[PDB]
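A.B. asks: So that you have it, the file is model-v6.pdb, and it contains PDB, C-alpha atoms:
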ATOM      1  CA  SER A  15       0.000   0.000   0.000  1.00  0.00           C
ATOM      2  CA  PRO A  16       1.257   3.490  -0.846  1.00  0.00           C
ATOM      3  CA  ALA A  17       2.167   5.939   1.936  1.00  0.00           C
ATOM      4  CA  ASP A  18       1.736   3.303   4.622  1.00  0.00           C
ATOM      5  CA  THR A  19       5.142   2.007   5.745  1.00  0.00           C
ATOM      6  CA  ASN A  20       6.742   5.477   5.742  1.00  0.00           C
ATOM      7  CA  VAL A  21       4.391   7.114   8.257  1.00  0.00           C
ATOM      8  CA  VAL A  22       6.348   9.641  10.335  1.00  0.00           C
ATOM      9  CA  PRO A  23       5.216  12.301  12.827  1.00  0.00           C
ATOM     10  CA  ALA A  24       4.302  15.480  10.976  1.00  0.00           C
ATOM     11  CA  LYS A  25       5.424  19.099  11.323  1.00  0.00           C
ATOM     12  CA  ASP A  26       5.259  20.351  14.945  1.00  0.00           C
ATOM     13  CA  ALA A  27       3.835  16.994  16.070  1.00  0.00           C
ATOM     14  CA  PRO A  28       3.645  17.695  19.851  1.00  0.00           C
ATOM     15  CA  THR A  29       2.209  21.199  19.325  1.00  0.00           C
ATOM     16  CA  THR A  30      -0.054  20.896  16.272  1.00  0.00           C
ATOM     17  CA  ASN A  31      -3.522  20.347  17.760  1.00  0.00           C
ATOM     18  CA  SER A  32      -2.872  22.487  20.841  1.00  0.00           C
ATOM     19  CA  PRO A  33      -5.758  24.958  21.286  1.00  0.00           C
ATOM     20  CA  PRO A  34      -4.991  28.559  22.285  1.00  0.00           C
ATOM     21  CA  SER A  35      -6.037  28.218  25.933  1.00  0.00           C
ATOM     22  CA  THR A  36      -4.635  30.343  28.759  1.00  0.00           C
ATOM     23  CA  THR A  37      -6.444  28.552  31.601  1.00  0.00           C
ATOM     24  CA  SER A  38      -4.510  25.262  31.736  1.00  0.00           C
ATOM     25  CA  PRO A  39      -2.584  24.665  28.503  1.00  0.00           C
ATOM     26  CA  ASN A  40      -1.001  21.315  29.355  1.00  0.00           C
ATOM     27  CA  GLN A  41      -4.331  19.997  30.642  1.00  0.00           C
ATOM     28  CA  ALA A  42      -6.265  21.219  27.587  1.00  0.00           C
ATOM     29  CA  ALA A  43      -3.825  20.195  24.849  1.00  0.00           C
ATOM     30  CA  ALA A  44      -3.828  16.656  26.247  1.00  0.00           C
ATOM     31  CA  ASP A  45      -7.611  16.620  25.814  1.00  0.00           C
ATOM     32  CA  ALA A  46      -7.620  18.121  22.314  1.00  0.00           C
ATOM     33  CA  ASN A  47      -5.079  15.474  21.304  1.00  0.00           C
ATOM     34  CA  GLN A  48      -7.236  12.863  23.049  1.00  0.00           C
ATOM     35  CA  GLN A  49     -10.257  13.550  20.836  1.00  0.00           C
ATOM     36  CA  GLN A  50      -8.295  14.192  17.638  1.00  0.00           C
ATOM     37  CA  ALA A  51      -6.888  10.682  18.066  1.00  0.00           C
ATOM     38  CA  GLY A  52     -10.496   9.448  18.140  1.00  0.00           C
ATOM     39  CA  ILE A  53     -10.444   7.963  21.644  1.00  0.00           C
ATOM     40  CA  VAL A  54     -13.721   8.550  23.470  1.00  0.00           C
ATOM     41  CA  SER A  55     -13.214   9.996  26.954  1.00  0.00           C
ATOM     42  CA  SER A  56     -15.664   7.458  28.414  1.00  0.00           C
ATOM     43  CA  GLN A  57     -13.642   4.518  27.065  1.00  0.00           C
ATOM     44  CA  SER A  58     -10.573   5.675  29.013  1.00  0.00           C
ATOM     45  CA  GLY A  59     -10.842   5.763  32.790  1.00  0.00           C
ATOM     46  CA  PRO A  60      -8.127   7.212  35.037  1.00  0.00           C
ATOM     47  CA  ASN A  61      -5.766   7.448  32.025  1.00  0.00           C
ATOM     48  CA  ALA A  62      -7.532  10.659  30.910  1.00  0.00           C
ATOM     49  CA  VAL A  63      -7.895  12.461  34.260  1.00  0.00           C
ATOM     50  CA  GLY A  64      -4.410  13.791  34.916  1.00  0.00           C
ATOM     51  CA  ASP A  65      -2.265  14.118  31.805  1.00  0.00           C
ATOM     52  CA  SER A  66      -0.205  16.745  30.016  1.00  0.00           C
ATOM     53  CA  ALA A  67       0.844  17.393  26.423  1.00  0.00           C
ATOM     54  CA  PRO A  68       3.136  20.049  24.911  1.00  0.00           C
ATOM     55  CA  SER A  69       1.121  23.140  24.012  1.00  0.00           C
ATOM     56  CA  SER A  70       2.013  26.026  21.727  1.00  0.00           C
ATOM     57  CA  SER A  71       1.116  28.623  24.383  1.00  0.00           C
ATOM     58  CA  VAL A  72       3.907  27.425  26.716  1.00  0.00           C
ATOM     59  CA  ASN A  73       7.525  28.472  26.146  1.00  0.00           C
ATOM     60  CA  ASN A  74      10.606  26.321  26.662  1.00  0.00           C
ATOM     61  CA  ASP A  75      10.652  27.839  30.125  1.00  0.00           C
ATOM     62  CA  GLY A  76       7.612  27.050  32.232  1.00  0.00           C
ATOM     63  CA  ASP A  77       5.646  30.227  31.514  1.00  0.00           C
ATOM     64  CA  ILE A  78       2.260  30.430  29.793  1.00  0.00           C
ATOM     65  CA  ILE A  79       2.468  32.902  26.913  1.00  0.00           C
ATOM     66  CA  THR A  80      -0.249  34.343  24.687  1.00  0.00           C
ATOM     67  CA  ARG A  81       1.617  35.421  21.544  1.00  0.00           C
ATOM     68  CA  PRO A  82       4.909  33.784  20.379  1.00  0.00           C
ATOM     69  CA  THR A  83       8.388  34.432  21.722  1.00  0.00           C
ATOM     70  CA  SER A  84       9.704  36.494  18.797  1.00  0.00           C
ATOM     71  CA  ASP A  85       6.958  39.104  19.226  1.00  0.00           C
ATOM     72  CA  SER A  86       7.203  38.944  23.012  1.00  0.00           C
ATOM     73  CA  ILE A  87      10.929  39.688  22.922  1.00  0.00           C
ATOM     74  CA  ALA A  88       9.964  42.374  20.397  1.00  0.00           C
ATOM     75  CA  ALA A  89       7.631  43.930  22.979  1.00  0.00           C
ATOM     76  CA  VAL A  90      10.580  44.588  25.292  1.00  0.00           C
ATOM     77  CA  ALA A  91      12.719  45.799  22.392  1.00  0.00           C
ATOM     78  CA  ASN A  92      10.096  48.125  20.916  1.00  0.00           C
ATOM     79  CA  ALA A  93       9.344  49.651  24.313  1.00  0.00           C
ATOM     80  CA  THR A  94      13.064  50.167  24.996  1.00  0.00           C
ATOM     81  CA  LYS A  95      13.753  52.626  22.182  1.00  0.00           C
ATOM     82  CA  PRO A  96      14.915  56.058  23.337  1.00  0.00           C
ATOM     83  CA  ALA A  97      14.910  58.917  20.864  1.00  0.00           C
ATOM     84  CA  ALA A  98      18.231  58.909  19.014  1.00  0.00           C
TER      85      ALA A  98
END
Could you spell out this file's structure in structure tokens?

C.D. replies:
Amino acid sequence: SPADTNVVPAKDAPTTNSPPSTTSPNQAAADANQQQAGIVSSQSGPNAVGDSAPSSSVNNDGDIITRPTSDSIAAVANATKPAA
């Protein structure tokens, strides 16, 4: 069968289906990945209560961020511009 043996994880595979949530990003991205995989939450018992997945709203440091890092670093750099 074509395109069947060479299945690899796609682009940004931990942080593809991560929804933009600021409440609990690791708790919500694990649930959005749980239903995108097709697994019903009633079929899984305690395996779906406490779990975490990499979200796009969390940096490499443990800090929940709204917009990305390059335009959060740019917020500090655009505010720190004295008149030349």

A.B. asks: Determine the residue membership of the PyMOL selection byres ((chain A and resi 60-69) around 10) for the file above and supply it as a ChimeraX atom specification.

C.D. replies: /A:27-35,38-48,54-59,70-74,78

A.B. asks: Go ahead and save the picked residues with C-alpha atoms, as an mmCIF file, in the frame of the given file.

C.D. replies:
data_model
loop_
_atom_site.group_PDB
_atom_site.id
_atom_site.type_symbol
_atom_site.label_atom_id
_atom_site.label_comp_id
_atom_site.auth_asym_id
_atom_site.auth_seq_id
_atom_site.Cartn_x
_atom_site.Cartn_y
_atom_site.Cartn_z
ATOM 1 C CA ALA A 27 3.835 16.994 16.070
ATOM 2 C CA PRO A 28 3.645 17.695 19.851
ATOM 3 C CA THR A 29 2.209 21.199 19.325
ATOM 4 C CA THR A 30 -0.054 20.896 16.272
ATOM 5 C CA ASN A 31 -3.522 20.347 17.760
ATOM 6 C CA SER A 32 -2.872 22.487 20.841
ATOM 7 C CA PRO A 33 -5.758 24.958 21.286
ATOM 8 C CA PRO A 34 -4.991 28.559 22.285
ATOM 9 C CA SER A 35 -6.037 28.218 25.933
ATOM 10 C CA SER A 38 -4.510 25.262 31.736
ATOM 11 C CA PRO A 39 -2.584 24.665 28.503
ATOM 12 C CA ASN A 40 -1.001 21.315 29.355
ATOM 13 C CA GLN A 41 -4.331 19.997 30.642
ATOM 14 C CA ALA A 42 -6.265 21.219 27.587
ATOM 15 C CA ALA A 43 -3.825 20.195 24.849
ATOM 16 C CA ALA A 44 -3.828 16.656 26.247
ATOM 17 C CA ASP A 45 -7.611 16.620 25.814
ATOM 18 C CA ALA A 46 -7.620 18.121 22.314
ATOM 19 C CA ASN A 47 -5.079 15.474 21.304
ATOM 20 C CA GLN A 48 -7.236 12.863 23.049
ATOM 21 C CA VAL A 54 -13.721 8.550 23.470
ATOM 22 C CA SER A 55 -13.214 9.996 26.954
ATOM 23 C CA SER A 56 -15.664 7.458 28.414
ATOM 24 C CA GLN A 57 -13.642 4.518 27.065
ATOM 25 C CA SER A 58 -10.573 5.675 29.013
ATOM 26 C CA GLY A 59 -10.842 5.763 32.790
ATOM 27 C CA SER A 70 2.013 26.026 21.727
ATOM 28 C CA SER A 71 1.116 28.623 24.383
ATOM 29 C CA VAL A 72 3.907 27.425 26.716
ATOM 30 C CA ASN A 73 7.525 28.472 26.146
ATOM 31 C CA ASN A 74 10.606 26.321 26.662
ATOM 32 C CA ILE A 78 2.260 30.430 29.793
#

A.B. asks: Could you check how far CA of residue 79 (chain A) sits from CA of residue 37 (chain A), in Å to one decimal?

C.D. replies: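 CA of residue 37 (chain A) lies at a distance of 11.0 Å from CA of residue 79 (chain A).
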
A.B. asks: How many Å separate CA of residue 52 (chain A) from CA of residue 22 (chain A)?

C.D. replies: 18.6 Å

A.B. asks: What is the distance, in Å and to one decimal place, between CA of residue 23 (chain A) and CA of residue 76 (chain A)?

C.D. replies: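 Going from CA of residue 23 (chain A) over to CA of residue 76 (chain A) covers 24.5 Å.
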
A.B. asks: Could you give me region 31-63 of chain A completed to N, CA and C atoms, formatted as an mmCIF file, in the coordinates of the input?

C.D. replies:
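Below is the file out.cif, written as the result:
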data_model
loop_
_atom_site.group_PDB
_atom_site.id
_atom_site.type_symbol
_atom_site.label_atom_id
_atom_site.label_comp_id
_atom_site.auth_asym_id
_atom_site.auth_seq_id
_atom_site.Cartn_x
_atom_site.Cartn_y
_atom_site.Cartn_z
ATOM 1 N N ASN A 31 -2.120 20.247 17.385
ATOM 2 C CA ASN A 31 -3.522 20.347 17.760
ATOM 3 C C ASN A 31 -3.720 21.008 19.117
ATOM 4 N N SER A 32 -2.762 21.810 19.560
ATOM 5 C CA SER A 32 -2.872 22.487 20.841
ATOM 6 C C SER A 32 -3.758 23.719 20.699
ATOM 7 N N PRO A 33 -4.871 23.804 21.422
ATOM 8 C CA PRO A 33 -5.758 24.958 21.286
ATOM 9 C C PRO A 33 -5.216 26.152 22.048
ATOM 10 N N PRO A 34 -5.485 27.371 21.578
ATOM 11 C CA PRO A 34 -4.991 28.559 22.285
ATOM 12 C C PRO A 34 -5.740 28.817 23.581
ATOM 13 N N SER A 35 -5.397 28.081 24.632
ATOM 14 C CA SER A 35 -6.037 28.218 25.933
ATOM 15 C C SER A 35 -5.035 28.766 26.937
ATOM 16 N N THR A 36 -5.467 29.747 27.723
ATOM 17 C CA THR A 36 -4.635 30.343 28.759
ATOM 18 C C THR A 36 -4.990 29.852 30.154
ATOM 19 N N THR A 37 -6.026 29.023 30.286
ATOM 20 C CA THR A 37 -6.444 28.552 31.601
ATOM 21 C C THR A 37 -5.507 27.467 32.117
ATOM 22 N N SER A 38 -5.430 26.348 31.402
ATOM 23 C CA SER A 38 -4.510 25.262 31.736
ATOM 24 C C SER A 38 -4.071 24.637 30.423
ATOM 25 N N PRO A 39 -2.942 25.088 29.868
ATOM 26 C CA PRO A 39 -2.584 24.665 28.503
ATOM 27 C C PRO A 39 -2.150 23.217 28.405
ATOM 28 N N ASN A 40 -1.418 22.710 29.395
ATOM 29 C CA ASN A 40 -1.001 21.315 29.355
ATOM 30 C C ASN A 40 -2.170 20.376 29.615
ATOM 31 N N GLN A 41 -3.160 20.822 30.384
ATOM 32 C CA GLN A 41 -4.331 19.997 30.642
ATOM 33 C C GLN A 41 -5.313 20.020 29.478
ATOM 34 N N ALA A 42 -5.329 21.100 28.697
ATOM 35 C CA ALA A 42 -6.265 21.219 27.587
ATOM 36 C C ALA A 42 -5.715 20.660 26.286
ATOM 37 N N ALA A 43 -4.403 20.761 26.062
ATOM 38 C CA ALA A 43 -3.825 20.195 24.849
ATOM 39 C C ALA A 43 -3.790 18.676 24.906
ATOM 40 N N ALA A 44 -3.739 18.104 26.111
ATOM 41 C CA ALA A 44 -3.828 16.656 26.247
ATOM 42 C C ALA A 44 -5.228 16.153 25.936
ATOM 43 N N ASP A 45 -6.241 16.993 26.130
ATOM 44 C CA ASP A 45 -7.611 16.620 25.814
ATOM 45 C C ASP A 45 -7.962 16.861 24.356
ATOM 46 N N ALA A 46 -7.399 17.904 23.739
ATOM 47 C CA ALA A 46 -7.620 18.121 22.314
ATOM 48 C C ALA A 46 -6.899 17.073 21.478
ATOM 49 N N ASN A 47 -5.745 16.598 21.949
ATOM 50 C CA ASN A 47 -5.079 15.474 21.304
ATOM 51 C C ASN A 47 -5.774 14.157 21.603
ATOM 52 N N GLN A 48 -6.538 14.093 22.695
ATOM 53 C CA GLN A 48 -7.236 12.863 23.049
ATOM 54 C C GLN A 48 -8.414 12.616 22.119
ATOM 55 N N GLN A 49 -9.106 13.681 21.717
ATOM 56 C CA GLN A 49 -10.257 13.550 20.836
ATOM 57 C C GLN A 49 -9.893 13.632 19.363
ATOM 58 N N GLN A 50 -8.753 14.238 19.020
ATOM 59 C CA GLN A 50 -8.295 14.192 17.638
ATOM 60 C C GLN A 50 -7.789 12.802 17.285
ATOM 61 N N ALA A 51 -7.272 12.071 18.274
ATOM 62 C CA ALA A 51 -6.888 10.682 18.066
ATOM 63 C C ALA A 51 -8.095 9.769 17.897
ATOM 64 N N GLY A 52 -9.284 10.219 18.293
ATOM 65 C CA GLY A 52 -10.496 9.448 18.140
ATOM 66 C C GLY A 52 -10.918 8.677 19.367
ATOM 67 N N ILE A 53 -10.133 8.718 20.436
ATOM 68 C CA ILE A 53 -10.444 7.963 21.644
ATOM 69 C C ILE A 53 -11.541 8.690 22.407
ATOM 70 N N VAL A 54 -12.634 7.981 22.688
ATOM 71 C CA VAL A 54 -13.721 8.550 23.470
ATOM 72 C C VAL A 54 -13.281 8.650 24.925
ATOM 73 N N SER A 55 -13.622 9.769 25.573
ATOM 74 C CA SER A 55 -13.214 9.996 26.954
ATOM 75 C C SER A 55 -13.916 9.072 27.943
ATOM 76 N N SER A 56 -15.029 8.447 27.554
ATOM 77 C CA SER A 56 -15.664 7.458 28.414
ATOM 78 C C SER A 56 -15.011 6.088 28.307
ATOM 79 N N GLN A 57 -14.319 5.804 27.200
ATOM 80 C CA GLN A 57 -13.642 4.518 27.065
ATOM 81 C C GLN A 57 -12.382 4.457 27.914
ATOM 82 N N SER A 58 -11.744 5.597 28.153
ATOM 83 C CA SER A 58 -10.573 5.675 29.013
ATOM 84 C C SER A 58 -10.998 6.130 30.401
ATOM 85 N N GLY A 59 -10.482 5.460 31.426
ATOM 86 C CA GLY A 59 -10.842 5.763 32.790
ATOM 87 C C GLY A 59 -9.895 6.763 33.416
ATOM 88 N N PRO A 60 -9.103 6.313 34.397
ATOM 89 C CA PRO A 60 -8.127 7.212 35.037
ATOM 90 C C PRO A 60 -6.962 7.622 34.144
ATOM 91 N N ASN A 61 -6.827 7.057 32.943
ATOM 92 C CA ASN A 61 -5.766 7.448 32.025
ATOM 93 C C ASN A 61 -6.025 8.784 31.340
ATOM 94 N N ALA A 62 -7.206 9.375 31.518
ATOM 95 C CA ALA A 62 -7.532 10.659 30.910
ATOM 96 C C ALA A 62 -7.829 11.743 31.938
ATOM 97 N N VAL A 63 -7.578 11.488 33.221
ATOM 98 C CA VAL A 63 -7.895 12.461 34.260
ATOM 99 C C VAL A 63 -6.747 13.448 34.399
#
